[PDB]
Amino acid sequence: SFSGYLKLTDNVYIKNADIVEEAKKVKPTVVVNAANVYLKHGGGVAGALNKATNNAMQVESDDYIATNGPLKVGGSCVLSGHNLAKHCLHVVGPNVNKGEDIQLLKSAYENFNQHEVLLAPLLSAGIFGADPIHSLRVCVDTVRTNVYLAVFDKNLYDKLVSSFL
Ligand SMILES: C[C@H](O)CNCc1ccc2c(c1)OCO2
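According to the deposited numbering, numbering within the sequence shown proceeds without interruption in unit steps and concludes at 169.
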């Protein structure tokens with residue numbers, strides 16, 4: 005199971021870790037992907053998770069989009085976790101760099117409540133352009149299930165922990 009996490013609340017845990025390496029080690033029931041509406045896993049967490057699956061995540065995702073169309077910003081879908089997890093929950097947080105509404109971040113985190121335990125990144129952080137301190141606050145105030153957050157950057161991890169109220 006999950007090791008080396010700092011407990012932030014009753015249900016939220018955090019660790020400075022590469023989510024791909026963390027997923028390969030823990031093999032969780034659910035790994036969350038920082039997805040976009042088209043499930044085009046080009047970069048950030050999505051590009052890294054997809055590269056770890058040898059592009060199998062992208063092939064599965066393209067079939068899903070061909071059948072269902074794009075996801076909504078704030079929405080999600082459950083697909084295979086491939087070699088990373090039993091399932092991957094692809095969650096679309098708002099991308100501030102694409103002019104998407106930051107208010108949709110709470111709706112994005114609500115998807116996590118459908119799963120008892122998840123390994124996840126901070127939604128809308130990184131290349132999605134939102135403030136990760138804000139993302140962690142929305143996570144803590146929205147997710148009620150057990151969430152294990154992997155924060156890749158040590159400097160950001162220390163800022164998140166030291167500023168956590
Ligand atoms: C409670 C237990 O840790 C859940 N494991 C699910 C799980 C099974 C097989 C996997 C995997 C994930 O990633 C790749 O092969």
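A virtual CB, placed ideally from N, CA and C, is assigned to each residue, including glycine.
Between the segment 116 to 135 and the segment 44 to 60 there are three or more inter-stretch CB-CB distances shorter than 8 Å, so the stretches are counted as touching. Take the alpha-carbon of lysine 102 and the one of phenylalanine 6: they are about 34 Å apart.
About 6 Å separates the beta carbons of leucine 153 and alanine 124, which is inside the 8 Å limit, making them a contact pair. Just so you know, the alpha carbons of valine 77 and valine 30 end up roughly 28 Å apart.
Residue side-chain check: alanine 89 places its Cβ nearer than 7 Å to a non-hydrogen atom of ligand 1. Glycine 85 is classed as buried because its beta carbon has at least 16 other beta carbons within 10 Å across all chains shown. At the C-beta level, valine 36 and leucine 93 come within 8 Å of one another.
Between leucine 169 and the set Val142, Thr149, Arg148, the nearest pair of CA atoms involves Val142.
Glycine 97 is positioned such that its CB atom lies closer than 8 Å to that of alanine 38.
Proximity of the beta carbon of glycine 8 to ligand 1 is not indicated: no heavy atom of the ligand is located closer than 7 Å.
Remark: the shortest separation between the CB of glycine 130 and any heavy atom of ligand 1 does not fall under 7 Å. The bridge partners DSSP lists for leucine 123 are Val35, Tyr152.
Judged by DSSP secondary structure, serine 111 falls within the alpha helix (DSSP H) whose first and last residues are 109 to 114. For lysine 31, the Cβ falls inside the 7 Å cut-off from some heavy atom of ligand 1. In this chain, the alpha helix (DSSP H) harbouring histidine 138 covers 136 to 146. For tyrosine 17, the secondary structure class from DSSP, reduced to helix, strand or coil, is strand.
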